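All Cβ positions, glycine included, derive from the backbone under ideal geometry; neighbour counts span all protein chains shown. Every read-out reported here was derived from the displayed coordinates using simple, explicitly stated rules and does not represent laboratory data.
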């Protein structure tokens, strides 16, 4: 049970799965910064990145592909750099783990 | 096949083919490259078996 | 994202449950290992019903390795127990 | 019952005589040494063959046979022909009326 | 590879491991009912003992046609195809 | 020695024809039992065992033919294909009836389909938002 | 194994049908390799 | 069946797992003649026990694996560290 | 060459029921000591019951057959080399007359064996003339 | 033995990132532990 | 053409010379090689000599006729070992092959009809002369009276077409179109009997069994294809009326394919089961012919070509067990893997060709036929799956029960396999996998 | 070989050496990956509590 079960009991309290931010992004008055891409579209499509992996930090994935192709097939030689790409995803996950949560707070303040 | 084991012949042949296919598979992961060859049999109604 | 994927996911998880219960109640060696093959098929078809080709392919290669290893083990044990595939007759093979 | 044991004993004597005939005829060295292939003459095999081939001589048009020939053959043929004609007429009136577009019709053979 | 002496040793070993049979009275030609005191279900226990010992299945007609240990030796040697 | 010589004949209306047909098929008179007088039913051929197949018959009996489990000059059953050892035969009689097996299988299937498709819109989820993908028209923000 | 490679390297549905029929037929034959009615019934089941 | 033994070798009282069944049958008031046919089946020398077989099976190469792991650690600190 | 007779006695019926009951008990209880304990329990169950009459014995034999049909294991243990086992008749031996249809150059690979076969053929034809001739 | 780490570095050009709580990451390990301690000792048989 | 016809006409005096049985099949394979050389054909009629010409459908059918007759002389060595009438057998085979070449290379409908119904008299002669059964009289009379009873009113239909049009040529009759029920029934029902239906089949399983091996080759190899060729020539000017009345024949053929595929599971003869097996595949051919698509016509031509080889090759396999085991019964034919292990390669290679097989031309004919029938209606997906499943449910039964299991006890000593038989079943299977290469030859006759 | 009511014939040195070698190989692989990568069994990345974050930053 858990996060689905409360969605059966209190649907107006708990937001749905993979919910977009319904309210204003500037409602919390942080004036929070804008995520700016380092790698643009043409070198994203030059590296044959799939559409499910074109995140806000795809330059680290491009550098991971470059270091994998630099020491192929023994790609563990810069294995920690993989973790670097991984922790960027973790940072994005942390942002997602905030982007849901304050939304529930934004759905609690109106309740 | 005479004076020899057909199992040993098949064993050495399939280790050689498996090593060749493995070394081909490592080259096809470095480039993310897909090949698709096509041999026509019969064409009718713009559809080719 | 299809009703085909939903139905295939249900039937793949159901054959996982079927294979686990059947191999827990099966008294034949090679039939237990064929039920283990069924359980791994349920695992791969349910993870591709989620939609993960690389996970399905990785578990496919892994299952092929260890399951050919199990069947070679079972064949050697059956060939020394003289064609008796019943798991009740076999016993204590760790010493022998 | 005492009548059962006599019947089983008589059947066993007949089976023993037929078994002795089979052991005489199956290992015949002269019949093997002729070189022409064949089988030991079994009556039940020929009875089974003529049972499987000839069956019109015991056939009469009764109600049970008519029910079997209706529900086994003619009724699936009639239902399948009715279904095919109904589906093709329903598609053909839509095709001839003009309710389907040119680029939205199934089986263009393209 | 087996032998008649080995199979005879198998049969007398299994029949002398039975506590309802005295090993002094036990013999290769000893009858299972007239010479030795055995129940109708005791001979079935002897038959399944020979089945578990020799690793095959003995039918019921061949169970009731065995009355001596030498008959069991002749039945086993005919099934497993040894005569020397 | 052909199919016209050895063949099933007319139905035994009288008892002497039944005795002659029993002696013709190498069967004792008590064992012989012809078919019905309906349109499909055979005439003069014996009705053999339709209880259970060839696997039910004794494999430890010394047969003249170990394959098909029959002796010499024994009348082959009319549905010998359907009651063969290969198809639709059991060595032991089944423990349950025919409908119990299918009833339990479709009962478990109906329960599993029902309980799955009731819960198809109660999938769980982590405390996570939608996956943000970059677009030239819509921009997204970080938390720092 | 050759029929299995003919199934793997094929993206065409007709050639997957080629490898499919090859896998089914040689799998049925290798099941019925042993000469008894159990292998007969097993081959009939794995063929259908 | 080479060098078959006699019935005087097999004794019920040597093994615990069969004299437990004999004691349970004596408590129930029954006797059994086929215990001496299964004395060889439980042998502590030829076949071992349950606890020795588990330690043989689960930890067959744990000491050799730990020695090789110490060797890998010792050669890794000389080069990697 | 004693062909078995199809009549089965009542003592043969209860002996077959005892054998099949202990085989089902061996299938249900895999450990040998537990199977031995339950086998002595079933033997005592038979031995307390053997003093009755014939009609009551027939009715209770039918009841025991119904009980054994009720408690029958779904995977009964059978010997592999016997009939009905897991590996019964895995190879089929053709009769020896196909050895008479070999090529003479193929027959030259085992000339002592084929000479002994040709010697044994005359003994077999005199034995067949003695037996069935 | 080597086909786990030999293919995990090869079949994944982009590794999946896992951020899970303490009761779900080792949940499959705890289920494997209770299945190992459950599927063995239940099959142990004693008298009575 | 006239070269092949005059080649067979001057091969006629080879029969009257003593000890000349094996030279005739040598010259028949030589003229099959020459016919392999003359392959400059397109969809229209080429090599026009008087009333004789050839297009691609006619080329494939004459080449199949020459291959089946050349293997038919190779299969019948039982006629040569005995003093059975070799000269009459060779004359009947040459005359029948000449009539098949003349009825396939016919430019017009009437000469096609004339040599088409001239062909059934040598088949009658082979069935009543060289068979090994007391019911050869029941075999030939059923065949002749079925085909004659339904083919006599086709002559009235043929001259009604001649009186309405004027010509007999196929191309000039392709221009016209008729809207009559009885003309359609006359010009269709003779071919609807000549290829097996469900209702009209009876002559087939009672004429294949009691014939010789050569009657089995000529019946299941090329004379179930005379009706297919006739319908391929007649359907072009009867399109409107066959579109009205084709659902009855297609439904009857599909349900009859399912039912006859259920019959073969209850068959105890090897030669009867292939006889009913010819009914099931030609049911798919008949169901794909009446949809009038490009794919249905092309896949029908491909499946008739690929079926005339495989059914004849299966009928040679049932003959080489009938010559040795003494009977065609399926109970006797058991465990031939331990008797003839090298034959079991050809049994499974020709039984797999009867179903869908990976390298055979039968799959390329079956794929292009199921395309048209699924395109015809969606309800046919229920019964094409049942028919194509039951086809290998029964076809694996003949190989499984004849070539696997315990041996039949009480069988006397017979001879081993021969190089002629291995060559005979070699040439029934290597054309089935060498013709997927250059398959645009044997498929695109349009 | 055949054995009756006894153990097997005594094993060669090669089988015992191979058994200890493959057991040492498996356990060396397990303990080596335990020492070099202990983070894979647990959470490789930390999971902070969603109820721990302050409401004064966004809310």
> When you go through (1) at the interface with chain D (Cβ under 9 Å from one of its Cβ atoms); (2) within 30 Å of residue I:88 (Cα to Cα) one by one for residue F:3, which number turns out not to apply?
Replying inline: (2)
> Residue check, residue A:47 against (1) over 30 Å from residue F:121 (Cβ atoms); (2) at the interface with chain F (Cβ under 10 Å from one of its Cβ atoms); (3) touching a helix residue (DSSP H, G or I) at 6+ places or on another chain (Cβ under 6 Å), all met but one. Which one?
Replying inline: (2)
> Out of (1) surrounded by fewer than 15 Cβ atoms within 10 Å (Cβ to Cβ); (2) assigned to a helix (DSSP H, G or I), the odd one out for residue L:31 is which?
Replying inline: (1)
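Take residue D:37 and decide whether it is more than 8 Å from every other protein chain (Cβ to nearest Cβ), surrounded by 12 or more Cβ atoms within 10 Å (Cβ to Cβ) and either touching a helix residue (DSSP H, G or I) at 6+ places or on another chain (Cβ under 9 Å) or within 30 Å of residue F:41 (Cα to Cα) (or both). Working first, answer last.
Details: more than 8 Å from every other protein chain (Cβ to nearest Cβ): no; surrounded by 12 or more Cβ atoms within 10 Å (Cβ to Cβ): yes; either touching a helix residue (DSSP H, G or I) at 6+ places or on another chain (Cβ under 9 Å) or within 30 Å of residue F:41 (Cα to Cα) (or both): yes.
When the stated conditions are applied, residue D:37 does not pass them.
Could you check the range K:234-345 for helices (runs of 4 or more DSSP H) lying wholly inside it with 1 or more residues that are in contact with a strand residue (DSSP E or B) (Cβ under 9 Å, 6 or more places away or on another chain), in contact (Cβ under 8 Å) with a residue 24 or more places away in the chain and under 20 Å from residue K:207 (Cβ atoms)?
On the way: elements: K:239-263, K:270-289, K:294-325.
Ranges flagged: K:270-289, K:294-325.
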> Looking only at helices (runs of 4 or more DSSP H) that fall completely inside chain G, which ones have 1 or more residues that are under 25 Å from residue B:17 (Cβ atoms)?
Replying inline: G:2-8, G:13-31
> Of the residues that make up the range K:377-390, is at least one within 14 Å of chain D (Cβ to nearest Cβ), over 30 Å from residue G:42 (Cα atoms) and crowded, with 21+ Cβ neighbours inside 10 Å?
Replying inline: yes
> Looking only at residues in the range L:3-25 that are at the interface with chain H (Cβ under 7 Å from one of its Cβ atoms) and within 21 Å of residue H:42 (Cα to Cα), which one is nearest to the chain's Cα centre (by Cα)?
Replying inline: L:7
> Of all residues in the range J:19-48, which are within 14 Å of chain A (Cβ to nearest Cβ) and either in contact (Cβ under 8 Å) with a residue 12 or more places away in the chain or more than 16 Å from the chain's Cα centre (by Cα) (or both)?
Replying inline: J:19, J:21
> Of the residues B:25, B:18, which is surrounded by 10 or more Cβ atoms within 10 Å (Cβ to Cβ), more than 28 Å from residue K:437 (Cβ to Cβ), under 21 Å from the mean Cα position of the chain (by Cα) and more than 9 Å from every other protein chain (Cβ to nearest Cβ)?
Replying inline: B:18
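To keep it simple, each residue is scored yes or no on (1) at the interface with another protein chain (Cβ under 7 Å from one of its Cβ atoms); (2) over 17 Å from residue J:12 (Cβ atoms).
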position: A:17; (1), (2): yes, yes
position: A:81; (1), (2): no, no
position: A:102; (1), (2): yes, yes
position: A:111; (1), (2): no, yes
> For the range I:4-116, which helices (runs of 4 or more DSSP H) that fit wholly inside it have 3 or more residues that are within 14 Å of chain E (Cβ to nearest Cβ) and in contact (Cβ under 8 Å) with a residue 12 or more places away in the chain?
Replying inline: I:10-28, I:32-47, I:54-70
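Can you list the helices (runs of 4 or more DSSP H) found entirely within the range K:368-446 that contain at least 1 residues being under 30 Å from residue K:43 (Cβ atoms)?
Numbers: elements: K:380-403, K:419-426, K:430-434.
By residue number, K:380-403, K:430-434.
Can you tell me which residues in the range D:95-110 are away from chain K (no Cβ under 14 Å) and surrounded by 11 or more Cβ atoms within 10 Å (Cβ to Cβ)? Before the answer, list the steps.
Initially, the range D:95-110 is screened for residues away from chain K (no Cβ under 14 Å), giving D:97-104.
Selection gives D:100 alone.
Being in a helix (DSSP H, G or I) and over 19 Å from the mean Cα position of the chain (by Cα) is the filter here; which residues of the range H:21-61 pass it? Walk me through how you get there before you give the answer.
Let us first name the residues in the range H:21-61 that are in a helix (DSSP H, G or I), namely H:21-28, H:50-58.
Listed by number, the residues that qualify are H:21, H:22, H:23, H:24, H:25, H:26, H:27, H:28.
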> Any residue in the range D:53-68 that is facing chain K (nearest Cβ under 7 Å), out of contact with any helix residue (DSSP H, G or I) (no Cβ under 8 Å at 6 or more places or on another chain), over 30 Å from residue K:380 (Cβ atoms) and not in a helix (DSSP H, G or I)?
Replying inline: no
> Take the residues of the range H:3-33 that are more than 14 Å from chain E (Cβ to nearest Cβ) and in contact (Cβ under 8 Å) with a residue 24 or more places away in the chain: which is surrounded by the fewest Cβ atoms within 10 Å (Cβ to Cβ)?
Replying inline: H:14
> residue K:167 fails exactly one of the following numbered conditions: (1) within 25 Å of residue K:72 (Cα to Cα); (2) in a loop (DSSP other than H, G, I, E, B). What is the number of that condition?
Replying inline: (1)
